Every structure is written in C-alpha cells, then in structure tokens.
Student: 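Have a look at this one before I ask anything.
One-based numbering, in listed order, for ligands and for the atoms of each. Below, read A as the first sequence line, B as the second, and so on, with proteins coming before strands; counting in each chain starts at 1.
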Amino acid sequence: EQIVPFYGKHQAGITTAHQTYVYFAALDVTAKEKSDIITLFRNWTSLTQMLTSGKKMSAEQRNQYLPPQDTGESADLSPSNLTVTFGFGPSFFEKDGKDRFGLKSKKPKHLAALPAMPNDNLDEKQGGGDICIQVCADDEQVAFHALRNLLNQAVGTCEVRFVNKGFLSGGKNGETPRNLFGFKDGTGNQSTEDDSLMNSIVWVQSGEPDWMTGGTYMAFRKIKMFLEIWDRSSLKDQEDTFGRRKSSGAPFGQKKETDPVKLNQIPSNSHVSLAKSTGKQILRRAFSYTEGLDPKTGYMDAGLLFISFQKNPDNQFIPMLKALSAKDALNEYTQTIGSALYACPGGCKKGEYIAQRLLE
Amino acid sequence: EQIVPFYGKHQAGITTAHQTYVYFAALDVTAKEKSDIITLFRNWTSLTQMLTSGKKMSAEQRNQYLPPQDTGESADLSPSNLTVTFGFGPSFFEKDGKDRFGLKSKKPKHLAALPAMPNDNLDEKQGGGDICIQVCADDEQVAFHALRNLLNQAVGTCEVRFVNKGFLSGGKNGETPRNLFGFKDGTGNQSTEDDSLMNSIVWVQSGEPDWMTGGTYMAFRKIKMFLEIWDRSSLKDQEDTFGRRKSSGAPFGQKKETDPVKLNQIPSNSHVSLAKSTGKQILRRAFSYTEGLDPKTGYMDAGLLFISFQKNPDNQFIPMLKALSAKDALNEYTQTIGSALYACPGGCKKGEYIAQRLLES
Ligand code: HEM
Ligand code: HEM
C-alpha cells in the first residue's frame with residue numbers, strides 16, 4: 001500500500017514524493033559486449049519491478065544445495081515506497097576515447113563530466129561511474145536489500161565504484177524536511193505535482209535521442225558539511241548564510257516559508273540569493289549522510305548527498321555551480337568531495353526493459 | 001505518543017522495545033577533575049530528559065549573536081521512542097594504572113576489557129572507551145540529532161573515540177527482525193516484559209557498588225559480516241550454520257520459531273547449538289550496519305553491531321564468547337573488529353543525574 005509504480009512514462013524516484021532513506025551506488029561496466037549489458041538491464045528490470053511491487057519471493061527452494069535466490073532480510077517488510085532510479089555516466093558512452101559499446105551515436109547532448117570548480121576537493125573514486133543506481137525507501141533495511149540484490153546480479157558484468165547512503169526526515173505534519181544545518185531543504189523547488197512545471201524543468205521532451213524522452217539528467221555532488229564549525233557559529237551567521245530564517249524557513253523580511261524571496265532583502269552572497277539570481281530552476285532531491293568519525297578531523301563525518309534533476313544541466317545546473325562556487329557563504333562550512341553527472345532514461349513500459357531503446 | 005520515559009529504576013534502551021536505528025559512540029575523558037565529569041553528567045541528564053520527553057527548545061533566542069542552543073534538525077520530528085543509554089569502560093575507573101578520578105573503590109565487580117579471542121581482528125580504536133552512549137530511535141535523524149547535541153556538550157571534557165550506527169527493522173506485523181544474513185535475530189532472548197527473567201538475566205541487584213543497582217553490563221562487538229561469501233553459499237550451509245530454518249526461524253526438526261531447540265537435531269558447531277549449550281543467557285539487542293564499500297575487498301562493508309546486556313558478564317557472556325570463538329560455523333562468514341564492555345548505571349531518579357551515586361562523595 002506504500003507501493004510506487006515502477007512502470008511509467010518516467011522512472012520513479014524523481015518527482016516521487018521524497019522518501020526517508022537513500023542508497024546511492026555507482027558501477028563501472030567491466031564486460032566487453034553490449035549483449036552482456038542488455039542481459040544486466042533486463043534482469044535489473046524484472047527484479048526492480050518485483051522488489052518495488054510488493055511481491056515476495058514466495059514459498060520455495062526445492063534444492064537445498066543452491067544459494068537462495070533472495071538474501072531474505074526484507075521478507076517481513078512492507079515495500080515502503082521503494083523506488084529504484086537508473087542513470088548512465090559519460091564513461092558508459094565513451095571511456096578513454098573508445099566507444100566501448102557502440103552507443104556514441106545515441107549519446108545525450110548534455111552528458112559530460114561536470115567542470116572543475118573553485119573549492120572542489122574531489123576524490124575521483126567518490127564520483128563518476130558508468131551506471132548509477134539510486135534506491136530510495138521509507139525504511140533503510142528495505143532500500144539496502146534492494147541495492148544488495150541488484151548489485152548481486154551485476155557480478156561478472158560490473159564492478160561497484162562506491163556506495164553512499166543518507167537520510168532526510170519530513171516533518172511529522174508534512175513540513176519541509178530539514179538538512180543537518182537545521183534548515184528546511186527543498187522550499188524553492190516547484191511542485192512535483194505540477195506536470196506543466198516538471199515538464200519545463202525536469203523532463204526531456206525533445207532535442208535528445210528517443211531513449212531520453214521522459215528522462216532527465218541527474219547531478220550528484222557529495223558535499224561534506226562541517227557541523228562542528230556550523231554549530232559554533234551564531235544564529236545570525238547561519239541565517240545570513242542562507243537568506244532565510246531558520247525556524248520559519250521564510251526569506252528575510254517575509255512572513256512565510258512559501259513567501260517569494262525578495263532578493264534585495266538578503267545578503268548578495270547568501271546561498272539563496274546566488275542560486276536564485278541565476279534565474280534558473282532545478283529539482284533538488286537531496287539526502288543527509290553521516291559516516292562515523294572523520295579520522296583527519298576527529299569530528300563526525302557528515303554532509304549532503306546532493307542530487308538534483310534538470311532537463312538541461314548546461315543551461316540549468318552548471319550556472320548555479322558557477323555562481324555559488326566563489327562567493328557562497330556556505331563555502332565556510334562545506335566542501336564538495338565527490339561529483340558526477342548521469343543521464344536517466346525515460347520510463348519503462350510493461351514488457352520492455354530499462355534503456356531498451358538505447359541498447360536497442 | 002512515541003515517548004519512552006528517561007527517569008526510572010533502570011536506564012531505558014535496555015528492556016525497551018528494540019527501535020529501528022542506533023547511533024553508538026565511545027568517548028575518552030581528557031579532563032583531570034571529577035568535578036568536570038559531574039558537570040558533564042548533569043548537563044547530559046538535563047539534555048536527555050528534554051530530547052526523550054518530546055519537549056522542543058523554544059525557537060526564539062534572544063541574542064542573534066550567539067550559537068543556537070539546539071542544532072534544530074529535529075524541530076519538526078516526533079520523539080520516535082528515543083532512548084539514550086550510558087555506560088562506563090574499565091578505563092574510566094583506572095587508566096594506564098592510574099585511578100584518575102578516585103573512583104577505584106566504586107569500580108564494578110566484573111568490569112574489565114574482554115579477553116582476546118581466536119579469530120579476533122580488533123581495531124583497538126573501534127573498541128574500548130571511558131564512556132559509551134547508545135542512542136536509539138525509530139528515526140535516524142532523531143537519533144543522530146540526539147547524539148550530536150549530547151556530544152556537543154562534551155567538547156572540552158572528552159574526545160570522541162568512535163561513532164557507529166546501525167538499523168534493524170521489525171516485521172510489518174511485529175515479526176522478529178531479520179539480520180543481514182536474512183535470519184530472525186532475537187528469538188532466543190527471554191521476553192523483555194517478563195520482569196522475573198529480566199531481573200535474573202539483566203538487572204544488577206546485589207554484589208555490586210550501589211550505583212550499579214538497577215544497572216547491568218553492556219558487551220559490544222562490532223562483527224563484520226561477509227555478505228558476498230554468505231550470499232553465494234547454499235541454503236543448506238546457511239541453515240546448518242545456525243541450526244534454525246531461515247524462513248520459519250524454527251530450530252531444526254521443529255515447526256515454529258518459538259519451539260524449544262532440540263540440541264541433538266542441529267550441528268554440534270552450529271551457532272545456536274554452541275550458544276545454547278553454555279547453559280547461559282543474555283539479552284541481545286543488536287543492530288546491522290553498512291558503511292559503504294570496504295576498500296580492502298571491493299564489496300559492501302557490512303555487519304552486526306552486537307550489543308548484549310547481562311548482570312554478570314563473567315558468568316553469562318564470556319563463556320559464550322569463548323565457546324563460539326573457537327568452533328562456531330558462523331566464523332566462516334564473520335570477523336570481530338571492535339570490542340568493548342561497559343558498566344551501565346542504575347536508572348536516574350527525577351532530580352538526580354546519571355551516575356550521581358558514583359561521582360559524588
Ligand atoms: C551542503 C550543501 C547545501 C546545503 C546545506 C544547501 C541548503 C539549502 C537551503 C537551506 C536552501 C533554502 C531552502 C530551499 O529552497 O531548499 C537552499 C536553496 C537552494 N539551493 Fe542549496 N544547499 C546546498 C548545496 C547546493 C548546491 C550544490 C546547489 C546547486 C548547485 C544548490 C542549489 C540550491 C537552489 C537552486 C536553491 C533554491 C534557490 C531558489 O529559491 O530559487 N544548493 N539550499
Ligand atoms: C556476528 C553476527 C552474529 C549473527 C549474525 C548472529 C545471529 C544469530 C541468529 C540468527 C540466532 C538465532 C535466532 C536468535 O535466537 O536470535 C542467534 C542466536 C544467538 N546468538 Fe547470535 N549472532 C551473532 C553473534 C553472536 C555473538 C557474538 C553471541 C554471543 C557472544 C551470540 C549469542 C547468541 C545467543 C546467546 C543466541 C541464542 C541461543 C539460544 O537459543 O539460547 N551471537 N544469533
């Protein structure tokens with residue numbers, strides 16, 4: 001009953017209401033024939049449809065001497081609005097000059113590594129990758145189960161580049177969820193329920209190969225947040241960093257979270273002023289992370305798995321990166337340590353597989 | 001609604017129904033006076049009472065120029081049955097041979113580091129600690145918030161040794177939660193609602209310093225689980241490793257999860273056979289963990305944060321540890337990489353602070 005359709009015009013996990021939990025994986029294809037990639041996406045499709053659907057691998061195992069077909073730890077759990085979203089990095093189309101799989105002619109127009117930015121401190125292994133898998137659910141164990149079982153299918157075809165995970169709880173009464181800086185996160189997104197707006201901001205309708213119709217580009221930035229530096233700062237510093245008030249989420253000088261931002265009443269280098277002043281829009285769908293103590297600092301290693309969706313990242317996304325990178329007050333408390341851009345195919349129809357129209 | 005009382009005879013987080021998420025941290029005290037420790041435990045007590053009770057810090061602060069007193073990320077969240085449980089390591093009472101805080105005379109009777117076990121691969125920095133804090137909630141953001149705000153208060157008195165976190169979802173209809181090997185985990189525990197059994201297995205009543213009355217000992221083992229090796233194994237090898245059927249959770253030859261184990265029907269070195277044949281009992285309250293890819297293996301780094309509670313770890317826990325470390329079939333699939341034992345104080349009464357009966361003279 002917490003079931004999100006897998007099949008559709010679009011992949012789920014993009015305009016789908018934001019779940020609590022994410023696992024975010026990137027893989028590199030080690031196989032040499034597009035035929036092996038085809039079988040992988042076919043199997044991934046059939047398994048994703050089962051995992052998200054609420055169907056359970058039912059009463060079975062006729063041969064004790066074989067491994068179970070499923071790892072079993074989601075047996076008693078609800079589907080918890082599980083979505084699984086697939087994308088492909090530039091290196092899937094071309095790696096080191098070689099068109100490894102004969103796909104270059106079906107390359108998306110805007111798929112390239114993101115440009116270097118000031119204050120970047122990228123670990124190459126924490127970004128890029130041929131394929132990304134974004135697994136979301138309202139229950140961590142459900143999302144981990146889905147990733148693990150998808151990844152088990154890729155053995156021999158791909159190597160896993162990295163796996164991150166994160167969380168972001170919505171308010172008990174539907175309030176915008178707060179990031180680890182304690183600020184409402186997502187206010188500035190247009191309504192994911194507004195088809196017109198999602199069409200103009202997220203969804204590909206033209207100018208791209210047909211496998212991208214109903215698809216989008218997914219930007220990923222792994223951004224370390226220095227909680228100890230932030231927590232020791234004044235409220236004034238924290239609000240002046242954003243250009244919104246912390247509790248209310250209101251733009252400075254406004255009453256409500258949803259009041260429009262008045263650019264002339266917020267600091268010119270506040271986060272919100274810089275992002276908004278590009279005049280561009282993206283759909284941000286981020287999750288917080290914590291990964292134990294950072295050994296180099298001896299403080300919590302925490303941050304944001306930044307994930308946004310936009311139909312044209314050269315028009316919509318890269319200008320924001322540019323506008324923020326030098327001037328953002330948030331630069332005091334953050335540092336990007338991983339980066340990637342992926343193209344997300346349009347939705348799968350019942351009886352097709354993911355990226356069928358790309359792989360042919 | 002989702003509020004677990006903080007004050008009581010016992011600390012919460014022990015017999016409390018198992019929440020979904022945990023953050024588990026250890027701290028070392030760098031302060032030299034016990035009066036600094038008294039301050040810390042006082043503040044932690046006031047803060048935990050506020051975090052667990054559901055009261056929210058008034059949003060409004062006079063003085064825009066000061067840091068907010070609360071980090072704010074839980075402002076809109078339910079208390080989610082938050083519990084915070086404190087314990088103390090052997091090094092709180094004596095470190096490097098020095099009784100730093102004049103506490104040695106109040107040391108618990110069974111508090112010492114766990115003995116080395118074969119197959120151990122301990123990272124010494126992933127074990128031990130003067131102080132453990134176990135923070136549990138049904139929502140990870142709530143748990144992290146609590147830990148963060150508690151650790152923020154310890155700046156200047158302690159250093160954080162390590163922070164672990166974990167999850168374990170119970171079934172939609174209250175079925176026993178499954179661990180990452182897909183097996184029900186906890187069946188062999190006695191009921192947390194049977195006062196009689198918790199009093200005889202978990203809760204200290206005598207033979208210990210007063211401040212331990214109503215307390216217990218907390219065993220911690222961070223156990224890496226090699227999911228890739230496990231997943232490739234036959235169902236027969238997985239079930240033989242434990243001595244219960246995976247799906248039903250029933251002991252071999254039995255129909256139901258709850259049926260008594262028949263020792264003669266499971267392998268001698270099966271996990272359950274070895275554990276049960278010690279004759280001893282503990283309360284296990286473990287969570288699974290995943291920490292991204294293991295750089296040494298290229299596979300998921302995943303495992304169990306094993307946490308158990310017992311009134312006398314020398315009697316109940318260590319023989320179990322010894323019997324399993326030697327012979328458990330489960331060793332094929334796992335390795336212990338962190339280890340601790342802490343003494344957890346009796347509960348806090350309203351108007352008192354945690355460990356007051358230890359720290360005050
Ligand atoms: C740790 C890093 C980040 C944090 C903590 C953060 C936090 C926030 C907050 C609190 C707001 C105001 C409320 C809202 O609209 O959601 C906001 C707005 C926004 N952020 Fe960020 N942000 C981060 C990084 C980024 C990056 C890397 C970009 C894009 C390159 C970005 C783009 C935006 C945009 C477009 C808005 C909406 C501006 C508008 O009102 O039109 N943010 N962010
Ligand atoms: C390393 C990961 C471990 C896993 C995956 C694991 C898993 C299990 C499972 C599946 C069961 C049977 C269902 C249940 O009763 O909970 C079980 C029982 C048990 N385990 Fe473990 N366990 C682990 C480590 C340990 C350790 C270190 C100890 C004690 C030192 C321990 C003590 C027990 C006990 C006492 C029981 C119940 C036996 C009885 O029925 O009386 N386990 N465990």
Side-chain angles (χ1 to χ4, degrees), chain A residues 117 176 178-190 219 221-225 230 241-244 246 249 251 257 260-261 270-284 286 288 303-306 308 316-325 328 330 333-336, chain B residues 117 176 178-190 219 221-225 230 241-244 246 249 251 257 260-261 270-284 286 288 303-304 306 308 316-325 328 330-331 333-336:
Chain A
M117 285 298 150
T176 308
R178 301 182 176 270
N179 57 45
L180 286 178
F181 280 171
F183 275 67
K184 289 175 170 175
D185 198 282
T187 301
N189 282 332
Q190 300 300 179
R221 302 286 280 187
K222 185 166 186 181
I223 306 179
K224 191 170 161 52
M225 296 162 64
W230 179 259
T241 292
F242 287 105
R244 285 180 174 267
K246 190 177 196 183
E257 178 197 347
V261 169
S270 59
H271 188 68
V272 172
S273 173
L274 295 162
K276 195 167 175 71
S277 302
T278 63
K280 296 313 165 49
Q281 307 247 300
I282 63 177
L283 173 65
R284 289 165 296 126
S288 304
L304 191 70
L305 300 184
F306 173 96
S308 76
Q316 288 169 261
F317 173 66
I318 285 160
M320 289 180 190
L321 271 181
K322 292 233 190 79
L324 289 175
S325 267
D328 194 353
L330 196 52
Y333 315 109
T334 61
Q335 185 169 241
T336 302
Chain B
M117 298 300 323
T176 306
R178 296 182 180 269
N179 60 34
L180 287 187
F181 280 172
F183 276 66
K184 298 180 160 172
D185 200 273
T187 297
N189 279 334
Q190 293 313 142
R221 322 263 291 169
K222 193 162 172 185
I223 312 190
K224 184 169 162 66
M225 292 162 71
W230 180 249
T241 291
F242 281 107
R244 294 171 173 276
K246 173 165 203 181
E257 176 185 8
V261 173
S270 64
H271 189 80
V272 167
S273 176
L274 281 178
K276 204 206 177 43
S277 299
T278 64
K280 298 292 168 54
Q281 284 193 91
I282 64 181
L283 178 68
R284 291 157 302 125
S288 306
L304 193 64
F306 172 97
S308 73
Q316 303 160 251
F317 178 66
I318 283 166
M320 270 186 207
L321 199 50
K322 276 169 184 192
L324 299 165
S325 300
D328 195 347
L330 183 54
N331 290 122
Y333 306 106
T334 59
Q335 181 169 70
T336 305

Student: Is the shortest N/O to N/O distance between B:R244 and ligand 2 below 3.5 Å?
Tutor: no
Student: Using modelled atom types only, decide if a donor and an acceptor are shared between the side chain of A:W230 and the backbone of A:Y333 within a distance under 3.5 Å.
Tutor: no
Student: Counting only nitrogen or oxygen atoms and a 3.5 angstrom limit, does B:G188 reach ligand 2?
Tutor: yes
Student: Would you name the heavy atoms of A:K222 and A:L305 that are closest together and state the gap between them?
Tutor: CG-CD2, 4.1 Å
Student: Does some non-hydrogen atom of B:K184 fall short of 4.0 Å from ligand 2?
Tutor: yes
Student: Which heavy-atom pair separates A:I282 from A:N189 by the least distance, and what is that distance?
Tutor: O-OD1, 3.5 Å
Student: Starting from atom 2 (C) of ligand 2, locate the nearest protein heavy atom and write down its residue, its atom name and how far away it is, to 0.1 Å.
Tutor: B:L304 CD2, 3.6 Å
Student: Which one holds for A:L324 and ligand 1: side chain close, backbone close, both close, or neither close, with close meaning a heavy atom under 4.0 Å?
Tutor: side chain
Student: What N, O or S atom of A:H271 is found closest to atom 21 (Fe) of ligand 1?
Tutor: NE2
Student: Identify, for atom 39 (C) of ligand 1, the protein heavy atom at the shortest distance, and state residue, atom and that distance.
Tutor: A:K276 CB, 3.9 Å
Student: Which residue holds the protein heavy atom closest to atom 35 (C) of ligand 2, what is that atom called, and what is the gap in Å?
Tutor: B:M320 SD, 3.6 Å
Student: Is B:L330 in contact with ligand 2, taking contact as a heavy-atom separation below 4.0 Å?
Tutor: yes
Student: Side chains of A:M225 and A:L330: does their closest heavy-atom pair fall under 4.5 Å?
Tutor: no
Student: Taking the minimum heavy-atom distance to atom 1 (C) of ligand 1, which of A:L180, A:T336, A:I223 ranks first?
Tutor: A:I223
Student: If you take the nearest heavy atom of each of B:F317, B:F306, B:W230, which one is closest to atom 26 (C) of ligand 2?
Tutor: B:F306
Student: B:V272 heavy atoms, cut-off 4.0 Å: which ligand 2 atoms fall inside?
Tutor: 12 (C)
Student: Taking 4.0 angstrom as the limit and counting only heavy atoms of A:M225, give me the atoms of ligand 1 inside it, by number and element.
Tutor: 1 (C), 5 (C)
Student: What are the two closest heavy atoms between B:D185 and B:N179, and how far apart are they?
Tutor: OD2-ND2, 2.7 Å
Student: One residue to check: B:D185. Relative to ligand 2, which of side chain, backbone, both or neither has a non-hydrogen atom less than 4.0 Å away?
Tutor: both
Student: For A:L274, is there any backbone N or O sitting under 3.5 Å from a side-chain donor or acceptor partner on A:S277?
Tutor: no
Student: If you have a sec, work out which protein heavy atom is nearest atom 38 (C) of ligand 2 and how many Å separate them, to one decimal?
Tutor: B:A275 CB, 3.7 Å
Student: Give a yes or no on whether the backbone of B:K246 and the side-chain of B:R178 come within a donor-acceptor separation of less than 3.5 Å.
Tutor: yes
Student: Quick one: closest heavy-atom pair of B:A323 and B:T278, and the distance?
Tutor: CB-CG2, 4.1 Å
Student: Counting only heavy atoms not in B:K276, do more than 12 fall under 6.0 Å of its NZ?
Tutor: no
Student: What about B:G186: any of its N or O atoms under 3.5 Å from an N or O on ligand 2?
Tutor: yes
Student: A:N179 to ligand 1: N or O pair under 3.5 Å?
Tutor: no
Student: If only atom types and distance count, is the side chain of A:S325 paired as donor or acceptor with the main-chain N or O of A:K322 below 3.5 Å?
Tutor: no
Student: Taking 4.0 angstrom as the limit and counting only heavy atoms of A:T334, give me the atoms of ligand 1 inside it, by number and element.
Tutor: 1 (C)
Student: Can you check whether B:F306's main-chain N or O pairs, donor with acceptor, with B:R284's side chain at less than 3.5 Å?
Tutor: no
Student: Output the distance between atom CE (B:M117) and atom CG (B:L321), rounded to the nearest 0.5 Å.
Tutor: 5.0 Å
Student: Can you find an N or O of B:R284 that's nearer than 3.5 Å to an N or O of ligand 2?
Tutor: yes
Student: With respect to atom 7 (C) of ligand 1, which of A:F242, A:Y333, A:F181, A:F183 exhibits the smallest heavy-atom separation?
Tutor: A:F242
